[PDB]
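Residue-level structural notes
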Amino acid sequence: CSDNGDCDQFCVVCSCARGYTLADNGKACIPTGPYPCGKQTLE
Amino acid sequence: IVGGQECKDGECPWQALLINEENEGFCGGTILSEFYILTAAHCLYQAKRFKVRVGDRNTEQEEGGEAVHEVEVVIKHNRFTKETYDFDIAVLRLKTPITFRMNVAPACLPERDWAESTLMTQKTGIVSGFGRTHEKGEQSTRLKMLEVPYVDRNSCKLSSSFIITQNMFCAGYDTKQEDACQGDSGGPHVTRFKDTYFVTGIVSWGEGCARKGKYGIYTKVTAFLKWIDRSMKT
Ligand SMILES: O=C(Nc1ccc(Cl)cn1)[C@H]1CN(CC(F)F)C[C@@H]1C(=O)Nc1ccc(-n2ccccc2=O)cc1F
Ligand SMILES: [Ca+2]
Ligand code: NA
């Protein structure tokens, strides 16, 4: 795999952590809720 | 945390605080999901009865978002021993689920092989907690964070009075007066990959805090990803 095989998260075949889905590009990760794992929170 | 800075609002949302019957913080934790907290097995020896506080940034002010959870199940690694401090990991199942909100959200668990090659090879991680602000001093009433460089395993073994195992890793500074300290114990060590934070360590031990020629020792979460998965499923 690794420029991380262009993946936003896991790995050319990408995958994401629970609470995200792999985008149409197949390289990006999209949150499924307002508080996905590993993202700092904003008001 | 010795050195570093206070966490701004929403900056360290996976921080949990273990509180004893005095309503005092004695260890940290990492929120893994609505029901699970990751902590250090050694933290379980400090207080027979404890609870978990989420959403707190200032222990002297009761502010919006703070919530207390009782622990239903303690899952301590069966190989943990104070003789070596090896296998310093425990997972807590909460009685009620955490509601994710501002200052309250989980850190990501990475896939093992990817984490070994891609996260553990980054320059730095972030450690956070309410621990001592100096080796001899008091615990911080404010949640602090600190960027810590990953330290070569062999340089760490040379620096250490005690055995560094493969279930541990070293991070911090040789002489710069910045490190985690007692009370941050059990708390998160996270590594950023692109724009996401993955839990990589558990604050475990150190010879004093920020001592010249000494590093911070963390439980290596990649070594326990299968163990954590099984514990969260039991
Ligand atoms: O918590 C600490 N430091 C610290 C600094 C950085 C990070 Cl990341 C975490 N912890 C120190 C400071 N504290 C004093 C004051 F700051 F509160 C006592 C504590 C200690 O001696 N621990 C300690 C030392 C050694 C061992 N140890 C290691 C291997 C085998 C046996 C063994 O006992 C276990 C410990 F918990
Ligand atoms: Ca508070
Ligand atoms: Na040092």
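Residues numbered from 1 in each chain as written, not as in the entry; some residues may be left out. Chains lettered and ligands numbered in written order. Heavy atoms only, no water.

As documented in the archive entry, the model was determined using X-ray crystallography at 1.66 Å resolution.

**Focus: the overall build of chain A**
Counting its regular elements, chain A contains 0 helices and 2 strands. Along the longest, intermediate and shortest principal axes, the C-alpha atoms of chain A span 35 × 20 × 15 Å. In chain A, which comprises 43 residues, the share counted as buried stands at 37%. Surface exposure of chain A reaches about 2,700 Å², of which carbon and sulfur atoms provide 47%. (Helix = DSSP H or I, 4+ residues; strand = E, 2+ residues; numbered from the N terminus. Buried < 20%, exposed > 50% of the residue type's maximum accessible area, 1.4 Å probe, protein only. Areas by Shrake-Rupley, 256 points an atom, 1.4 Å probe, with all protein chains shown as cover.)

**Section: the coordination of the sodium ion (ligand 3)**
Residue and element names in this part refer to chain B. Looking at the sodium ion (ligand 3), the protein donor atoms are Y173 (O), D174 (O), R211 (O) and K214 (O), and they sit 2.3 to 2.6 Å from it. Counting gaps between the donor residues of the sodium ion (ligand 3) yields the pattern Y-D-x36-R-x2-K. Pair noted here: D174 is in the loop between β10 (168-171) and β11 (188-193) and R211 is in the loop between β12 (196-205) and β13 (216-220), with a separation of 37 residues, a long-range link. (Donors = N, O, S within 2.8 Å, 3.2 Å for Na, K, Ca; no water.)

**A look at the coordination of the calcium ion (ligand 2)**
All names here are of chain B. In the first shell of the calcium ion (ligand 2), the protein supplies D56 (OD), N58 (O), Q61 (O) and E66 (OE), at 2.1 to 2.2 Å from the metal. For the calcium ion (ligand 2), all donor residues lie on one chain, and their spacing in sequence is D-x1-N-x2-Q-x4-E. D56 gets classed as buried once you look at its relative accessible area, which sits at 6%.

**Side note on the pattern of salt bridges**
All names here are of chain B. Enumeration according to the criterion identifies 15 salt bridges over all chains in this entry. One salt bridge connects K51 with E70, and the closest N-O pair in it is separated by 3.9 Å. You can see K51 sitting in strand β5 (residues 51-54) and its partner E70 sitting in strand β6 (residues 67-76), a full 19 residues away along the chain. According to the relative accessible area criterion, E70 is partly exposed, its value standing at 40%. A salt bridge links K95 to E70; its shortest N-O distance comes to 3.9 Å. Here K95, found in the loop between β7 (90-94) and α1 (112-119), pairs with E70, found in strand β6; they are 25 residues apart in sequence, far enough to count as distant. (Salt bridge = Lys/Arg side-chain N within 4 Å of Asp/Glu carboxyl O.)

**Some points on the UniProt feature "active site" in chain B**
All names here are of chain B. According to UniProt, the positions carrying the feature "active site" are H42, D88 and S185. Of the residues just listed, which span 144 residues, no C-alpha pair is farther apart than 10.2 Å, and they cluster in one region. Residue position: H42 is located in the loop between β4 (36-39) and β5. According to the relative accessible area criterion, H42 is buried, its value standing at 6%. Mapped onto the fold, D88 is located in the loop between β6 and β7. Taking relative accessible area as the criterion, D88 reaches 1% and is therefore assigned buried. Not counting the four nearest positions on each side in its chain, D88 is found in contact with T39, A40, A41, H42, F80, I202, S204 and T219. Polar contacts involving the side chain of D88 include one to the side chain of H42, which spans 2.6 Å. (UniProt positions renumbered as here; feature names shortened; annotations may be inferred. Contact = heavy atoms within 4.5 Å. Polar contact = N/O pair within 3.5 Å; in protein donor to acceptor, adjacent residues only side chain to side chain.)

**Examining the state of the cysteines**
The full count for this structure, using the stated rule, is 8 disulfides over all chains. With its sulfur 2.0 Å from that of its partner, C16 of chain A forms a disulfide with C29 of chain A. Between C16 of chain A and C29 of chain A, the S-S torsion sits near -85°, and that sign places the bridge as left-handed. Of the two residues, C16 of chain A is situated in the segment before β1 (20-22) and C29 of chain A in strand β2 (residues 29-31); the sequence distance between them amounts to 13 residues. The class of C16 of chain A is buried, set by a relative accessible area of 18%. Under the relative-accessibility criterion, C29 of chain A is labelled buried at 14%. A disulfide bridge connects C7 of chain B with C12 of chain B, and the sulfur atoms are separated by 2.0 Å. Taking the torsion about the sulfur-sulfur bond, which here is approximately -85°, the covalent link between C7 of chain B and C12 of chain B counts as left-handed. (Disulfide = S-S within 2.5 Å.)

**Observations concerning the site of ligand 1**
Residues and elements named next belong to chain B. Surveying the vicinity of ligand 1 reveals 19 residues, the closest of which are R132, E135, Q182, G206 and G208. In this structure, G206 approaches ligand 1 through a main-chain N or O atom, which is 3.3 Å from a nitrogen atom. Listing elements by their share of the shell around ligand 1, those giving two or more residues are β12 and β13. Per-element accounting of the shell around ligand 1 gives the leading share, 3 residues, to β13. Domain assignment of the residues forming the shell around ligand 1 places at least three in each of domain 1 (1-12 + 107-222) and domain 2 (13-106 + 223-234). (Near = heavy atom within 4 Å. Domains from an automatic or database assignment.)

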